[PDB]
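J.: Structure provided below as structure tokens; questions to follow.
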Amino acid sequence: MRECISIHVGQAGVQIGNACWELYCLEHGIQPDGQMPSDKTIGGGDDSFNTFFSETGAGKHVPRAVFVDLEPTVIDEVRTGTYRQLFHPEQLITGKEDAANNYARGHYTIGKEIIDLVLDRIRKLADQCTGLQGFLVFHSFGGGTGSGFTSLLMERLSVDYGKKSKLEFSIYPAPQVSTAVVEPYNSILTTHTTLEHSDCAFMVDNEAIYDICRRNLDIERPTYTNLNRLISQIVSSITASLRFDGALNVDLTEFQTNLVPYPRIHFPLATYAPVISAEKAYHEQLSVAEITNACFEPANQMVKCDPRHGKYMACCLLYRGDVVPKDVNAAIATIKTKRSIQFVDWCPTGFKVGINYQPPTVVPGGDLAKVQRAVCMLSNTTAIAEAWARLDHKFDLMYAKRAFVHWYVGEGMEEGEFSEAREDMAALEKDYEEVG
Amino acid sequence: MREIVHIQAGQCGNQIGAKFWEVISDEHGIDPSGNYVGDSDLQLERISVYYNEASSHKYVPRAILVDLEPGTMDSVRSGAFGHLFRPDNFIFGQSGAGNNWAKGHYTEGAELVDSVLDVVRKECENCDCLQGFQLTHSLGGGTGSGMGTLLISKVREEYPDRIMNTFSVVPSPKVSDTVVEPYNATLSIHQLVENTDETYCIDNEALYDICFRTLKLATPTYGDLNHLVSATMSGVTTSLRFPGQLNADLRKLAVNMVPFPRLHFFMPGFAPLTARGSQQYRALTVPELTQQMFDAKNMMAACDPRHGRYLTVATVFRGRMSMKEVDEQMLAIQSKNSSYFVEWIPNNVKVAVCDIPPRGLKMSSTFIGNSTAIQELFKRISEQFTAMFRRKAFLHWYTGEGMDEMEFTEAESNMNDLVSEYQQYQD
Ligand SMILES: COc1ccc(C[C@@H]2NC(=O)/C=C/C[C@@H]([C@H](C)[C@H]3O[C@@H]3c3ccccc3)OC(=O)[C@H](CC(C)C)OC(=O)[C@H](C)CNC2=O)cc1Cl
Ligand SMILES: Nc1nc2c(ncn2[C@@H]2O[C@H](COP(=O)(O)OP(=O)(O)OP(=O)(O)O)[C@@H](O)[C@H]2O)c(=O)[nH]1
Ligand SMILES: Nc1nc2c(ncn2[C@@H]2O[C@H](COP(=O)(O)OP(=O)(O)O)[C@@H](O)[C@H]2O)c(=O)[nH]1
Numbered sequence: 001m002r003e004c005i006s007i008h009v010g011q012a013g014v015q016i017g018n019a020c021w022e023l024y025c026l027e028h029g030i031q032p033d034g035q036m037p038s039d040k041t042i043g044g045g046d047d048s049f050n051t052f053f054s055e056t057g058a059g060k061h062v063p064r065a066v067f068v069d070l071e072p073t074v075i076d077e078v079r080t081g082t083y084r085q086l087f088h089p090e091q092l093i094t095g096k097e098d099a100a101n102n103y104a105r106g107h108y109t110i111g112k113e114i115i116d117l118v119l120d121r122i123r124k125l126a127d128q129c130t131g132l133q134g135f136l137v138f139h140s141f142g143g144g145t146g147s148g149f150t151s152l153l154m155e156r157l158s159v160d161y162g163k164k165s166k167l168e169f170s171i172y173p174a175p176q177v178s179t180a181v182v183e184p185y186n187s188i189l190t191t192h193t194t195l196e197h198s199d200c201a202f203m204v205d206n207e208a209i210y211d212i213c214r215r216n217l218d219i220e221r222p223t224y225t226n227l228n229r230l231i232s233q234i235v236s237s238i239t240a241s242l243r244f245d246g247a248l249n250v251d252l253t254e255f256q257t258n259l260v261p262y263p264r265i266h267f268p269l270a271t272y273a274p275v276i277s278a279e280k281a282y283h284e285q286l287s288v289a290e291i292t293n294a295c296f297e298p299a300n301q302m303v304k305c306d307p308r309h310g311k312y313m314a315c316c317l318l319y320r321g322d323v324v325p326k327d328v329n330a331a332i333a334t335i336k337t338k339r340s341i342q343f344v345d346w347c348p349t350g351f352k353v354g355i356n357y358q359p360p361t362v363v364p365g366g367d368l369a370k371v372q373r374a375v376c377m378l379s380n381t382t383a384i385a386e387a388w389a390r391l392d393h394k395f396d397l398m399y400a401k402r403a404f405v406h407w408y409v410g411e412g413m414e415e416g417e418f419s420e421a422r423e424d425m426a427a428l429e430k431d432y433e434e435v436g
Numbered sequence: 001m002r003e004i005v006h007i008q009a010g011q012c013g014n015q016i017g018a019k020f021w022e023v024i025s026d027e028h029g030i031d032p033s034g035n036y037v038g039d040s041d042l043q044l045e046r047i048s049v050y051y052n053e054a055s056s057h058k059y060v061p062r063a064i065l066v067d068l069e070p071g072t073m074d075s076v077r078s079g080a081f082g083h084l085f086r087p088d089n090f091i092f093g094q095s096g097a098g099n100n101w102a103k104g105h106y107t108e109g110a111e112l113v114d115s116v117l118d119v120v121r122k123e124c125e126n127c128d129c130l131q132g133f134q135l136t137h138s139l140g141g142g143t144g145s146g147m148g149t150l151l152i153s154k155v156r157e158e159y160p161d162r163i164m165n166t167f168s169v170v171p172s173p174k175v176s177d178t179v180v181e182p183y184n185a186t187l188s189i190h191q192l193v194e195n196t197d198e199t200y201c202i203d204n205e206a207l208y209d210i211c212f213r214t215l216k217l218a219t220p221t222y223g224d225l226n227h228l229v230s231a232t233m234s235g236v237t238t239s240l241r242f243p244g245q246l247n248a249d250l251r252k253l254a255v256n257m258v259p260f261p262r263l264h265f266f267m268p269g270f271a272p273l274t275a276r277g278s279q280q281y282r283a284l285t286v287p288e289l290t291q292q293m294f295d296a297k298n299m300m301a302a303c304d305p306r307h308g309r310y311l312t313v314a315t316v317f318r319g320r321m322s323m324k325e326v327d328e329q330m331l332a333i334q335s336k337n338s339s340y341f342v343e344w345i346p347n348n349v350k351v352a353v354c355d356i357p358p359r360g361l362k363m364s365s366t367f368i369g370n371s372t373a374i375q376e377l378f379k380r381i382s383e384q385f386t387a388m389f390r391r392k393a394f395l396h397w398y399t400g401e402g403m404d405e406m407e408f409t410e411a412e413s414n415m416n417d418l419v420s421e422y423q424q425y426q427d
């Protein structure tokens with residue numbers, strides 16, 4: 001049998017972990033008790049969903065995952081929430097001092113004095129499992145925890161587990177919900193120390209998700225609840241392949257192979273069509289071809305970028321419920337007709353497809369409107385240059401004034417080191433520029 | 001009776017070899033149970049070379065099937081000779097054949113090939129005399145090439161005084177996908193060249209271009225390819241199986257055929273090509289047969305021999321026709337196509353005739369060539385690798401399991417050397 005471990009670092013990370021995990025438990029027919037679907041009820045399952053949950057004696061399907069933060073602000077806040085008994089008490093760690101938007105705070109002050117406990121817990125959890133494949137990372141650029149602790153933890157993992165792959169679910173930060181102006185600094189400081197250990201990363205854009213929750217989801221003041229639920233839905237729409245059945249993009253290694261040409265460049269865009277708002281009953285109907293052709297629109301692209309102005313490298317999809325391959329191929333052929341899309345001049349660039357036999361499951365008391373068709377494009381479009389260069393520009397504006405430098409310097413960083421990292425990511429931008 | 005040990009590995013290798021063995025057994029008439037149900041005594045006169053003997057006087061073909069995906073017999077029984085191969089030597093792997101060289105060629109699978117070599121060594125000695133080794137696979141990436149050239153290295157190590165032979169298939173980006181293979185091929189053949197001198201390059205691209213365009217096909221399946229290959233590379237060895245004029249042994253085949261220790265890539269053809277149709281067809285005549293012989297489209301390689309020159313040509317006719325008149329049109333071709341052949345090598349037309357006809361066909365002839373033409377195919381596979389080496393795609397696993405960039409560069413250097421040799425000997 002196989003298995004995987006999802007890590008959860010940072011306040012944002014653990015919020016999204018709660019939302020995602022509750023949605024996943026709901027979807028498979030599991031319940032906050034996890035009584036039994038149809039199986040042996042003790043060491044049962046045998047379908048793909050066992051790779052996330054494992055039954056205890058009661059057949060509870062305990063999710064072998066952990067949540068981490070440096071302050072007992074949110075960890076406890078959900079430890080006495082809906083899923084109190086779903087996870088193991090004393091299997092959720094609570095730090096003491098908040099990283100307070102300081103990357104070095106999570107890197108050499110407080111996270112460095114606790115990481116040993118996290119390593120012990122994850123290693124014990126791995127000893128409990130038998131079929132580990134890799135790791136799923138939920139963190140954020142902006143926060144000190146979700147960047148410094150993330151980087152240091154994954155460095156330790158790459159030191160001790162040097163074979164398995166790993167996938168990062170980070171959150172690209174936005175000014176409109178910004179809670180710091182040291183946020184580009186932490187973002188660069190962590191990401192410059194990821195490529196050497198990172199394998200693939202799924203970063204989500206706050207401004208993009210915010211525009212989704214408003215322009216189509218009918219919200220004006222979205223809290224973390226709205227954005228978090230929507231991103232949990234899109235993350236489920238991505239990982240459904242690993243959740244259910246043998247199809248396109250089953251394994252993490254398969255993920256990266258289908259997606260990652262060159263090890264340094266492992267940032268793929270992602271989309272998920274159904275963003276239809278809410279209890280608003282029906283203004284139109286659904287269609288496979290409709291959603292498939294509307295997928296290419298810049299509407300739902302997880303990160304704001306201009307794909308039509310950049311050469312592609314690959315294209316994967318995934319569909320929920322209402323299976324029939326024929327019209328799927330017809331839709332592919334219709335969209336195949338080269339309006340303005342381009343591809344790679346030295347390899348086949350077919351639209352790989354793998355379909356699933358289950359319609360999307362919506363939260364029982366939330367905003368999203370029930371649907372049964374869906375697409376999920378994991379395009380490896382080069383056009384994420386734009387966003388990375390925008391963040392780099394926002395970075396190097398504040399380096400002529402030496403702003404905020406001392407705050408990171410005081411705990412063990414170096415002033416000129418930032419220039420090395422900036423040149424590293426200028427070279428990465430050059431690497432995107434290379435493909436032409 | 002110099003017997004031959006048959007080596008065979010890989011998903012594609014087993015797919016092609018099953019149908020090949022079925023074709024040869026049917027032509028020799030031994031029942032799919034494993035008993036002689038032929039139609040004459042000109043079959044078993046010396047055929048022990050391919051078919052050994054059991055205690056109960058039933059025969060037993062000797063050929064090894066190996067892989068790395070655990071299920072092979074589960075797929076070998078897909079034809080009609082599953083249990084027919086002796087049921088104790090279907091050595092199976094554990095993982096599969098992802099398109100990763102050195103995943104079978106350095107670390108894993110290589111652990112299994114030690115036992116594989118022990119088993120084949122045990123298998124060899126029982127015969128009265130040994131002829132050599134010959135191997136059927138494809139240059140396709142994913143445990144297909146690794147195990148192949150690896151076992152080539154060790155067999156050449158153990159028996160230098162014998163002869164290797166490869167029935168490998170060049171992959172091509174028209175029928176297939178999963179494009180990292182140019183690496184796998186242009187790296188494995190890089191040491192196949194030094195390690196072997198007896199090769200047949202059945203171009204998969206040519207097989208598609210003739211099977212789908214001018215053979216009335218719409219989606220060429222793998223059995224579709226298997227039909228044509230199990231025809232041609234089964235009729236290639238009739239000279240070995242049947243007594244005749246050019247009975248030349250592996251060593252003698254080479255010395256008649258291979259001038260230089262590297263320029264040994266034969267490009268075969270087969271005039272009466274036929275898609276899978278139960279009805280045979282209208283009859284054909286000897287001049288028509290020997291004219292479709294040099295049909296550029298008919299060629300199992302990626303070139304038109306009109307575009308180049310030959311070095312050492314063979315031919316094996318089969319059926320009942322004018323035995324002694326074939327020399328007339330052989331010399332007619334020689335006289336009217338002197339430019340097609342080369343002056344450096346005179347009398348390059350070794351010809352022979354076999355009485356027996358093939359299954360489901362009366363008049364036919366297997367062909368073997370050796371020309372500068374395959375320079376075109378090698379230039380194709382070299383460009384279709386160099387235009388993509390600049391981007392360093394997917395070399396992560398290769399550079400992680402035990403390769404290095406200098407190896408890639410020196411393989412490119414060797415293949416440019418071979419294309420240079422073909423070019424200059426054409427000049
Ligand atoms: C631009 O980026 C692209 C991305 C995708 C595609 C199309 C995409 N693929 C490739 O050409 C990538 C080839 C690499 C190759 C590397 C170099 C070998 O070490 C690999 C390995 C094998 C087994 C175990 C461990 C390692 O991996 C693989 O063998 C795997 C197959 C499975 C086993 C993961 O990969 C695929 O082929 C995928 C799953 C099937 N589909 C495709 O047709 C084209 C491009 Cl151009
Ligand atoms: N989508 C989404 N973004 C969030 C959420 N919580 C925080 N963010 C964003 O994530 C970025 C920083 O993450 P935070 O959670 O604030 O920081 P942290 O990881 O707790 O870090 P410290 O405060 O230094 O301990 C900002 O851009 C926030 O707006 C959430 O629940 N959902
Ligand atoms: N000639 C031929 N080629 C095939 C066949 N099936 C697949 N191929 C292609 O030729 C190569 C087959 O060799 P290999 O890669 O070792 O097959 P594998 O063992 O399945 O990985 C691959 O590149 C395939 O794309 C077949 O039946 N015949």
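Top line first, the protein sequences correspond to chains A and B.
If you read the first sequence in the UniProt record's numbering, its first letter stands for residue 1, the second for the next number, and so on.
If you read the second sequence in the UniProt record's numbering, its first letter stands for residue 1, the second for the next number, and so on.
Note that beta-carbon positions come from the ideal geometry of N, C-alpha and C, so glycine has one too.
Along chain B, in chain order, which residues have C-beta atoms closer than 8 Å to that of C347(A)?
T.: Neighbours of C347(A) on chain B, chain order: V179, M388 and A393.
J.: Below 8 Å CB to CB, which residues in the same chain sit around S78(B) once its five sequence neighbours on both sides are set aside?
T.: Hits under 8 Å: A18.
J.: Any beta-carbon of chain B closer than 8 Å to the one on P32(A)?
T.: Chain B contact via Cβ: absent.
J.: List the residues of chain A whose Cβ lies closer than 9 Å to the Cβ of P173(B), in chain order.
T.: Going along chain A in sequence order, the residues near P173(B) (Cβ under 9 Å) are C347 and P348.
J.: Tell me which residues share the same chain as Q15(B) and place their Cβ nearer than 7 Å to its Cβ, disregarding the 5 neighbours each side in the sequence.
T.: These residues qualify, in order along the chain: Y222 and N226.
J.: Please specify which runs of the alpha helix (DSSP H), each continuous and at least 4 residues long, are wholly inside the region 211 to 265 of chain A, giving them in chain order.
T.: If we require 4 residues or more, the alpha helix (DSSP H) runs fully inside the region 211 to 265 of chain A come out as 224 to 244 and 252 to 259.
J.: Quick check: is any heavy atom of ligand 2 less than 7 Å from the C-beta of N226(A)?
T.: Incorrect: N226(A) has no Cβ contact closer than 7 Å to ligand 2.
J.: Okay, do the region 109 to 126 of chain A and the region 145 to 154 of chain A touch, 3+ Cβ pairs below 8 Å being the bar?
T.: Touching, yes.
J.: Does the beta-carbon of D404(B) have 16 or more other beta-carbons within 10 angstroms, so that it is buried, or is it exposed?
T.: Counting Cβ neighbours within 10 Å, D404(B) comes out exposed, since fewer than 16 surround it.
J.: Would you say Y161(A) faces chain B, with C-beta separation under 8 Å as the test?
T.: Not closer than 8 Å to any Cβ of chain B, the Cβ of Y161(A) fails to qualify, so no.
J.: Taking 7 Å as the cut-off, is the CB of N300(A) close to at least one heavy atom of ligand 2?
T.: No, the beta carbon of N300(A) sits no closer than 7 Å to any heavy atom of ligand 2.
J.: Excluding sequence positions up to five away, which residues of its chain have a Cβ less than 6 Å from the Cβ of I24(B)?
T.: Excluding positions up to five away in sequence, the list reads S234.
J.: Which ranges does the beta strand (DSSP E) cover as unbroken runs of at least 3 residues, wholly within the region 370 to 416 of chain B, from first to last along the chain?
T.: None, since the region 370 to 416 of chain B contains no complete beta strand (DSSP E) of that length.
J.: Assign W388(A) to one of two classes, buried (16 or more other C-beta atoms within 10 Å of its C-beta) or exposed (fewer than that).
T.: It counts as buried.
J.: Would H396(B) count as contacting chain A if we go by Cβ distances under 8 Å?
T.: Cβ-Cβ to chain A under 8 Å: yes for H396(B).
J.: In whole angstroms, what is the alpha-carbon distance linking residue 443(B) and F317(B)?
T.: This structure does not reach residue 443(B), given that chain B is present from 1 up to 427, and the question cannot be answered.
J.: What is the DSSP secondary structure of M313(A), counted as helix, strand or coil?
T.: Three-state result, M313(A): coil.
J.: Starting from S6(A) and walking both ways along the alpha helix (DSSP H), at which residues does that stretch end?
T.: Unbroken run through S6(A) is the beta strand (DSSP E), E3 to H8; no alpha helix (DSSP H).
J.: Does chain B have any CB closer than 8 Å to the CB of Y262(A)?
T.: True, the Cβ-Cβ gap to chain B drops below 8 Å.
J.: Less than 7 Å between C-beta atoms, sequence neighbours within five positions excluded: which residues of the same chain meet that for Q85(A)?
T.: Correct list: empty, nothing qualifies.
J.: Is it the case that the CB of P173(A) approaches a heavy atom of ligand 2 more closely than 7 Å?
T.: Within the cutoff, so yes.
J.: Label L42(B) either buried or exposed according to how many other C-beta atoms from any shown protein chain fall within 10 Å of its C-beta, with 16 as the threshold for buried.
T.: Exposed: under 16 other Cβ atoms inside 10 Å.
J.: In three-state DSSP terms, what is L84(B)?
T.: Of the three classes helix, strand and coil, the one that applies to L84(B) here is coil, per DSSP.
J.: For the region 281 to 364 of chain B, which segments carrying the alpha helix (DSSP H) assignment without a break, of at least 4 residues, lie completely within its bounds, in sequence order?
T.: You should have 286 to 293 and 326 to 336.
J.: Do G10(A) and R229(A) have their C-beta atoms within less than 8 Å of each other?
T.: No. Outside cutoff.
J.: What's the gap between the Cα of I30(B) and the Cα of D322(A)?
T.: Near 52 Å, if we compare the C-alpha coordinates of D322(A) and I30(B).
J.: Buried or exposed for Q256(A), going by 16 or more other Cβ atoms inside 10 Å?
T.: Buried: at least 16 other Cβ atoms inside 10 Å.
J.: Taking all protein chains shown into account, decide if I7(B) is buried (16 or more other Cβ within 10 angstroms of its Cβ) or exposed.
T.: The residue in question, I7(B), is buried, as its Cβ has 16 or more Cβ neighbours within 10 Å.
J.: Specify the secondary structure class of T191(A) as computed by DSSP and reduced to three states.
T.: Helix, per DSSP.
J.: What did DSSP end up calling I30(B) once you bin it into helix, strand or coil?
T.: It is a strand residue.
J.: Classify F260(B) as buried or exposed, calling it buried when 16 or more other Cβ atoms lie within 10 Å of its own Cβ.
T.: Flag for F260(B) reads exposed.
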